[PDB]
Structure formats: structure tokens, C-alpha cells
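Participant: Show me the folded form of this:
(2 chains, ligands or ions: 6)
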Number of protein chains: 2
Amino acid sequence: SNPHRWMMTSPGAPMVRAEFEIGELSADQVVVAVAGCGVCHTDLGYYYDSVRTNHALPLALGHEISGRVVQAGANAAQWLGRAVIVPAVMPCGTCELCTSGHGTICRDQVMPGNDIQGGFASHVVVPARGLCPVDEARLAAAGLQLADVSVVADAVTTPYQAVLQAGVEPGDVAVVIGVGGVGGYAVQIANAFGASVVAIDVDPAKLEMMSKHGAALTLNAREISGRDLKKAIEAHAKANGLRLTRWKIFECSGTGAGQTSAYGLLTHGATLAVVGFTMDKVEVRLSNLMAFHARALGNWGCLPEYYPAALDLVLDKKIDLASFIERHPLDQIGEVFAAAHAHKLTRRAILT
Amino acid sequence: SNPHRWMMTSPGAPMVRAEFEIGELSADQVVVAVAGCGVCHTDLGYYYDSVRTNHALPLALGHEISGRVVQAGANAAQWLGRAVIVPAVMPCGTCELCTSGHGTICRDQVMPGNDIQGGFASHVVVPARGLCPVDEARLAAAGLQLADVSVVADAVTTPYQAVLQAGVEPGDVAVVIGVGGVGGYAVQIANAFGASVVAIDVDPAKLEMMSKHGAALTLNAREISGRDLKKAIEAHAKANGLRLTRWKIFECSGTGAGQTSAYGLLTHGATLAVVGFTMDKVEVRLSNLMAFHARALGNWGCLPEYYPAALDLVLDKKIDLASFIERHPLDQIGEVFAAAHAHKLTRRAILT
Ligand SMILES: NC(=O)c1ccc[n+]([C@@H]2O[C@H](COP(=O)([O-])OP(=O)(O)OC[C@H]3O[C@@H](n4cnc5c(N)ncnc54)[C@H](O)[C@@H]3O)[C@@H](O)[C@H]2O)c1
Ligand SMILES: NC(=O)c1ccc[n+]([C@@H]2O[C@H](COP(=O)([O-])OP(=O)(O)OC[C@H]3O[C@@H](n4cnc5c(N)ncnc54)[C@H](O)[C@@H]3O)[C@@H](O)[C@H]2O)c1
Ligand SMILES: [Zn+2]
Ligand SMILES: [Zn+2]
Ligand SMILES: [Zn+2]
Ligand SMILES: [Zn+2]
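Facilitator: Residues are numbered from 1 along each chain as shown, chains lettered A, B, ... in the order given. Ligands and ions are numbered 1, 2, ... in the order given. Sharing the structure here:
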């Protein structure tokens, strides 16, 4: 009957169950009663690789949040009782960058489980700006609980922004390199947008898995090299009457190998969507961009305003969550983090 | 009294004066009586560096053509007597690529002085599709001869496409790296679009020159290093109340050094316009594109449909040709090529 969180006090140290009181809410704030919260490589980063959080410790992690607004500041009453997905990163909505369509670079953006207390908790206080309403009627009809669509935040929306930006359209070849986590939904969403998707990875189990979920062709990056990789996608395109131009290539590995591979796949009018982050440098013919009249598009998370469309893909069964999602009790946060670090998990963990 | 061309028979061999007959014209064809034709590094490439032309030798080079329609096929009568700029490269206008706004990668694009006989000639036969009409009243009022606007093709239009694509708008910092040829017009057009333009080069004469023609700041890349170069543009932006985000960086050097420098200048929301071509590979943190939500845009020449706007910049004196342009008699084609190879020219050569 008291709200509680599971907080990181220190990298590698045990998570601490800490009860708390919700205070006065500012005018634009709401309390969401967490249904579920996803476990991300970003979260494992903070905890196992000592990546600095913006908020000082102790801090409840978790940015992949669904739940219900149970409490609201003065200008947020309209949200009470509505089931929501919380945006993983929330722009101001009011500054010249936000208002000119550059929300992804708001100097005042807030990420639960980094900037503020996160969603590994019964309850989490968040701004009401960009909350994504969930139709529970449609949720039920898709055979899903509110906790399941928690991972729509970041895991679905991030690749959704990448694909929208890239302008995937029917007849396209799409290539996604690294087809775990973000990448897997990159394949599913590219496919929903009309592309014939080539999936590339080092793990033949994720390749096998994506065969059933929108990957019309799969290639192991350990087996097939650069020169052959181009020929094999050219082959796929020719054999299926698909575009030899305007390839939509999503780099979702976050490794220099992946980036080098993806850049090598550029052709006339191609879009390379850079989604994965590495500090590794890469050797590339930058001028190929001019030679092919191609573009490389970075993507920093996703504007909230696209969350409802990403959700509609799930609700209208145009993609699958359920096969990539496993609910766990929040009190297992310790065992789950350990399991996910040791790559012993195949589905994305949701804590309840 | 016979039409003639100056043809490349063989790389490095003398140019040959060859007279010719214009036959019956197909329905969409016109003869333009050349007023002037620009001499480009592309032309020096074909002649001095043995770059393959698509049309077999012997071939009249020259793709930077202005002149007058003196003769027209049956469906092109309306063009007779009209002063024109010939597009350096003419897409089909009928293919899925041309019809979906990807004309720059049409596979059936025709370039005078490469695919067909060029403009180092009294006369050149070209399609009527994409011809840019020249207002002679406005031409006169800008203090220009028809021969002067020959270099609007490629030299102006190429950077014009790069700037339009990059979405330069008032409040922007623009950086152009390599401020000769294409680069110089990149500075002039960025500036006309409302940016405060930083010019970067290794030649202090072109820097001095661009100070007078839209470069609000100049930096010698031999004197100022990478780290300091960023600080100095940050300084320019802070001191002038300019955007510290969404920088429009145009790489116009066609050298790995320039590319490495330009990529290093990326910031939140930045556009890197890749205009220069080198075969050199470069080492870059590709993920900076995701971290800054930035984009790299290649540019292969320019859609004809934008030639009128490029010309309007010249006619309305919003940019300067005259200070960068020198007419020569076509019969000097030999002496001029030699002079331009030996870097002995400061203005762009037009042959008459
Ligand atoms: N752009 C954003 O806003 C954003 C948000 C979340 C994730 N990311 C980044 O995306 C990257 C991956 O995200 P994730 O959580 O899905 O990771 P993940 O570990 O779940 O998936 C990465 C996949 O890449 C595969 N892989 C590794 N090396 C490869 C190679 N050379 N070729 C092909 N596949 C290869 C792995 O086997 C794995 O399936 C990270 O760098 C992460 O930080 C960025
Ligand atoms: N994208 C297209 O469609 C298109 C069309 C025309 C030209 N180009 C390319 O544009 C490039 C330049 O053509 P141009 O006629 O303008 O060449 P240019 O020789 O007239 O100009 C190049 C400029 O780069 C400067 N420079 C050289 N090294 C530099 C460095 N490290 N840092 C900064 N500046 C440096 C030079 O001093 C010079 O001013 C070439 O690579 C050419 O092939 C492409
Ligand atoms: Zn996440
Ligand atoms: Zn904002
Ligand atoms: Zn040219
Ligand atoms: Zn065409």
C-alpha cells in the first residue's frame, strides 16, 4: 500500500527496495502506476559498465514504461485514469528547437531512469507532455496486457523514427544490420511499410526468428563477406523484381563492423539510417554519398508525436510484440539484469 | 560559314577543328548557337587525366553552355530565337526515378561533352527538354553578356542543389570547406539564402576574394587546426547571435583532408553536404550522426528544373559571376586548357 522503487545505489551493488511518498505535483506532472517497464542495454550500460546517469545516485532505472495516470498536477487532470505509454525521452515541447521540428535535440529533454527516477517502481512521476494514450479495447482485441506495450517506448519507437525518416515505400529493398532489440523491430516496421527486408546478424537464432517476422532474406555476417553481400542483395532484388536503387539500410548493431558493412551497401539514391552507437571510428569513401546521390541519416530516439502510430502497428497486428516480450515480477530485477548481462534471455524482459 | 567543333581525338593530343553538317532534327531537338562554354575540372579530367567519356572519341568536350536556339525539330518551334542555358546533365523526365524526384540518378541522363558532342563548338544539338530560358532585358540590366551565364550550368547549379537540399535558412551558420570553383558559389548561395558563411581554404587569395562575396569569416586550414577550428566557429556564432545547432557544412574541396575537417564540424541537427569527390577513404565516428541527430547529404549535379532559380540569383545580383569569369576566343581552346592545368588561371574560362 506504499509506492516503492528499486534503485541503483552504485554500479554492480544490489538494487535497494525504497518506499517513498509522492509530494505536491507541479502543473504539468502526473504519477503513472507502472503496469510494466522494459529492460534495455542502456539500463545494463548504467549498471554493469558504469555509464554516468544525469541524476545522481541512488536512481531507479527504466525508461520503457507503460501504466495508468492515477494522479495529476493542475494542468494535467485530463490524463486521470487514461492508460499511457511514457516516452523514453520527452522534449520541452515549448522551446524554438521543439517548436521548429527539432525536438530530438531539445536542450531540456527528460529521460525517466536517467534524468529523473525511472519505471522499475510501482509508481513514477513524469511530465504529461507527449504521453501516448492506449486504447484498452483495441489492446485487449490484439490479445495484449497494458504491461506488454511498455517496450513500444525506445525499442519500437526508435527504429520507427529511423524508418519514417528513411521514407521506406513499397518495392524497396531494406537491409537491417544487427537484428536484435531495436534491429528486430526495424525489420518488422520496414516490412510493414512495404519493403522486402534482408536481415543481417552474427547470431543464426535471431536470423531464424526474423524469418517468421518480416525478413524475406537472412545472411550471417560471419559467413558472407562485403563483396559477396552486395552480390547476394542485388540477386535478391533482381530475382523478386525489387528496386536496384533507393535501398533503405538500417545500421542497428552499434559496432564498427556493422557500420562498415552497411556503408558498403550504399547504391544510387540509398538512405543509410545510423541508429546504433559506437565510439569506434570507421574507414569509408565519404564521397560515395555524392557519387550515388545518397544520404546517411542519424536518429536520436523518437519524437513523442510518432508514439501513437508505432502503437497502432502493434494494435493492428502489422507487427508482433508477444513473441519478443516476457513479463517478470519487478522483485526479480536482480536475477533479470544478471540473466540479460549473461545473454541468457531471448525475449525482452518487462518488470511488473 | 560551316558549323565546327574542337574535338578531343586522344588524351593529351592536339584539339582538332572539325566542321560538320546539322541534319534533319528529331521532334524534340534544337541547335543552340553557342555564346559561351565554360572550362571545368571535369573537362581537364577527360583530357589530361585520361578519364573515359561515354561517347567514343573523337569528342567535343564542354557541358557549361549558353547560347541561342537557331533551329528546332517539329515539336520545339517555340524555342527559336530564345537565349538559353543548356543543363550540364539532362534526365529522361519519363522514368520512375525522374518521375519520383530522383532525376539526378536517372540511368538515361545525357551530358553534353561526355554522352553527346559538347559546347566547345559554334553549334551543339541538344534536347529542348530542360532548356533554361534567359531574360536578355534582365541579363543586360545585370551588366552581363549571354556568354557569361554559360557557367551557371554545373558551377552555380551544383552548389545550388547542395544548398537547397541542406535547407539553409536565416539564423544558420554555414561552413564551406574548399572555396574554389563550386565552393565559391556555395559561399555566395548559402549567404543569399540567409546564412552567416564561414569560408575555409588553403589558398589565402580565394579567402581574401570570398570576404568581398558573402564570407562573413575566413579561416586558413593550414594555420588553424581541427580542435581550434570548432572553437573559432562556435566563437563566430556566439558573438553574432547565430544558431549553435543545425550548422550547414558544405565539403567542396574533393580532398580527404577537407572531408575529415567538415565531418569534425558536425553538431546537434547539422547537415553535412558532400559535394566534392575523392577516391581517398577517411576515418570518422559514423555514430556522431545518431548522437547529434545529424545527416550527410550527397549531391550529383542538379535537376534542370532548378536552373531558372540559380540564374535568377545572378540576374538579381544576389550573387556575382563577373568577378569569377573570363571570356576567351574558342580558337584558344589549346592555350586555355594548358593554362588551367598549370593552375595559371584565377577566373573560370569561358570559350566563345
Ligand atoms: N538511436 C537511438 O536513439 C538508440 C536507442 C536505443 C538503441 N540504440 C543503440 O542501438 C545499438 C543496439 O541496440 P539494441 O539494444 O537493439 O542491441 P542488441 O545487443 O539487442 O542488438 C545488437 C545486435 O547486433 C548484432 N551484431 C553485432 N555485431 C554485428 C555485426 N558485425 N554485424 C551484424 N550484426 C551484428 C548482435 O548479434 C545483436 O543481435 C546500441 O549501439 C544502442 O546504444 C540507439
Ligand atoms: N557534386 C557534383 O555534382 C560535382 C560537380 C562539380 C564538381 N564536383 C567536385 O567538386 C570538387 C571541387 O571542384 P572545384 O572545381 O570547385 O575545384 P577547385 O580546385 O576549383 O576547388 C577546390 C578547393 O579546395 C581547396 N582545398 C584543397 N584542399 C583543402 C583542404 N584540405 N581544406 C580546405 N580547402 C582545401 C583548394 O584550395 C580549392 O580552393 C571536386 O572533387 C569535383 O570533382 C562535383
Ligand atoms: Zn531502452
Ligand atoms: Zn524543447
Ligand atoms: Zn562543369
Ligand atoms: Zn530517366
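
Participant: ok, and the closest non-adjacent residue to residue A:346?
Facilitator: residue A:205 (7.4 Å; CB to CB, 6 or more residues apart in numbering or on different chains). Backbone N, C-alpha and C define where each C-beta goes, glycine included.

Participant: contacts for the helix or strand harbouring the one you found?
Facilitator: Assigned by DSSP states H and E, residue A:205 belongs to helix A:204-211. Helix A:204-211 is contacted from outside by A:179-180, A:184, A:187, A:197, A:199, A:201, A:215, A:218-220, A:323, A:346, using CB atoms under 8 Å, 6 or more residues apart in numbering or on different chains.

Participant: how about the helix or strand following that helix: buried residues?
Facilitator: Going down the chain from helix A:204-211, the next helix or strand is strand A:215-220, by DSSP H and E. Within strand A:215-220, the residues scored as buried using 16 or more other CB atoms under 10 Å in any protein chain shown are A:215-219.

Participant: What of stretch A:51-64?
Facilitator: A:53, A:55, A:58-64.

Participant: before we move on, what about stretch A:8-17?
Facilitator: For stretch A:8-17, by 16+ other CB under 10 Å, it's A:8, A:15.

Participant: Distance from it to the middle of the chain?
Facilitator: A distance of 25 Å separates the centroid of the chain from that of stretch A:8-17, by CA atoms, centre = their mean, to the nearest Å.

Participant: next one: stretch A:47-66
Facilitator: For stretch A:47-66, the distance to the chain centre is 16 Å (CA atoms, centre = their mean).

Participant: Check stretch A:268-277 too.
Facilitator: 17 Å.

Participant: and it, does that touch ligand 1?
Facilitator: Yes - Stretch A:268-277 is in contact with ligand 1 by CB under 6 Å from any ligand atom, via A:275-277.

Participant: Using neighbour counts, trim those residues to the buried set.
Facilitator: Buried among those (16+ other CB under 10 Å): A:275-277.

Participant: Distance to ligand 2 and secondary structure added to these, as JSON lines?
Facilitator: Formatted as JSON lines, these follow (distance: CB to the nearest ligand atom, whole Å; DSSP: H, G, I helix; E, B strand; the rest coil):
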{"residue": "A:275", "distance to ligand 2": "27", "secondary structure": "coil"}
{"residue": "A:276", "distance to ligand 2": "28", "secondary structure": "coil"}
{"residue": "A:277", "distance to ligand 2": "29", "secondary structure": "coil"}
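
Participant: Redo the residues you listed as CSV? Include distance to residue B:159.
Facilitator: CSV is the format used below for these (distance: CB to CB, whole Å):
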residue, distance to residue B:159
A:275, 31
A:276, 32
A:277, 32
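
Participant: what angle sits between whichever strand or helix holds residue A:187 and strand A:215-220?
Facilitator: Applying DSSP H and E as the criterion places residue A:187 in helix A:182-193. Relative orientation of helix A:182-193 and strand A:215-220, computed by axes from the mean of the first three to the mean of the last three CA atoms, to 10 degrees: 150 degrees.

Participant: element containing the closest residue to ligand 2 within the stretch 251-352 of chain A, please.
Facilitator: In the stretch 251-352 of chain A, the residue that lies nearest ligand 2 is residue A:290 (4.7 Å; CB to the nearest ligand atom). Following DSSP H and E, one finds residue A:290 within helix A:288-291.

Participant: Downstream of that helix, the next helix or strand is which one?
Facilitator: strand A:295-298.

Participant: give me the number of residues near the residue in the stretch 101-250 of chain A positioned nearest to ligand 2?
Facilitator: At 17.4 Å from ligand 2, residue A:245 is the closest residue in the stretch 101-250 of chain A, using CB to the nearest ligand atom. Counted by other CB atoms under 10 Å in any protein chain shown, the residues lying close to residue A:245 total 20.

Participant: residues of the lengthiest helix in chain A that come out buried?
Facilitator: Criterion DSSP state H: the longest helix present in chain A is helix A:226-239. Using 16+ other CB under 10 Å as the test for burial, helix A:226-239 gives A:229, A:233, A:236-237.

Participant: Next secondary structure element downstream of it?
Facilitator: Per DSSP H and E, the first helix or strand lying C-terminal to helix A:226-239 is strand A:248-251.

Participant: Paired strands for that following strand, with orientation please.
Facilitator: Strand pairing for strand A:248-251, determined by DSSP bridges: strand A:173-177 (parallel), strand A:271-274 (parallel).

Participant: Not counting sequence-adjacent ones, nearest residue to residue A:159?
Facilitator: Closest to residue A:159 by CB to CB, 6+ apart is residue A:186, at 3.9 Å.

Participant: from memory that neighbour sits against residue A:250, does it?
Facilitator: Yes - here residue A:186 reaches residue A:250: they are 4.5 Å apart, a contact under CB atoms under 8 Å.

Participant: Can you work out which residues contact both of these two?
Facilitator: Counting by CB under 8 Å, 6+ apart, the residues touching both residue A:186 and residue A:250 are A:159, A:162-163, A:176, A:275.

Participant: and stretch A:99-112, is it in reach of ligand 3?
Facilitator: No - counting by CB under 5 Å from the ion, ligand 3 is not contacted by stretch A:99-112; separation bottoms out at 9.3 Å.

Participant: distance between the ends of that stretch?
Facilitator: 22 Å (CA to CA, to the nearest Å).

Participant: Not counting its own residues, what contacts it?
Facilitator: Contacts for stretch A:99-112 (CB under 8 Å, 6+ apart): A:54, A:62-63, A:65, A:86, A:88-93, A:95, A:97-98, A:115-116, A:118-119, A:124, A:126-127, A:161, A:299-305, B:245-246, B:268-269, B:292-293.

Participant: measure residue A:82 to residue A:35 for me?
Facilitator: Look at residue A:82 and residue A:35: by CB to CB, to the nearest Å, they are 12 Å apart.

Participant: Stretch A:254-270 and ligand 6, any residue contact?
Facilitator: No - Stretch A:254-270 stays clear of ligand 6 (CB under 5 Å from the ion), getting no nearer than 12.0 Å.

Participant: Tell me which residues of that stretch come out buried.
Facilitator: Buried, per 16+ other CB under 10 Å, within stretch A:254-270: A:254-256, A:258-270.

Participant: do the same with stretch A:123-142
Facilitator: Counting neighbours by 16+ other CB under 10 Å, stretch A:123-142 gives A:123-132, A:134, A:139, A:142 as buried.

Participant: go on, stretch A:333-340?
Facilitator: A:333, A:336-337, A:340.

Participant: Pick out whichever of the buried residues of stretch A:254-270 sits closest to ligand 5.
Facilitator: residue A:268 (20.6 Å; CB to the ion).

Participant: Noted, bye for now.
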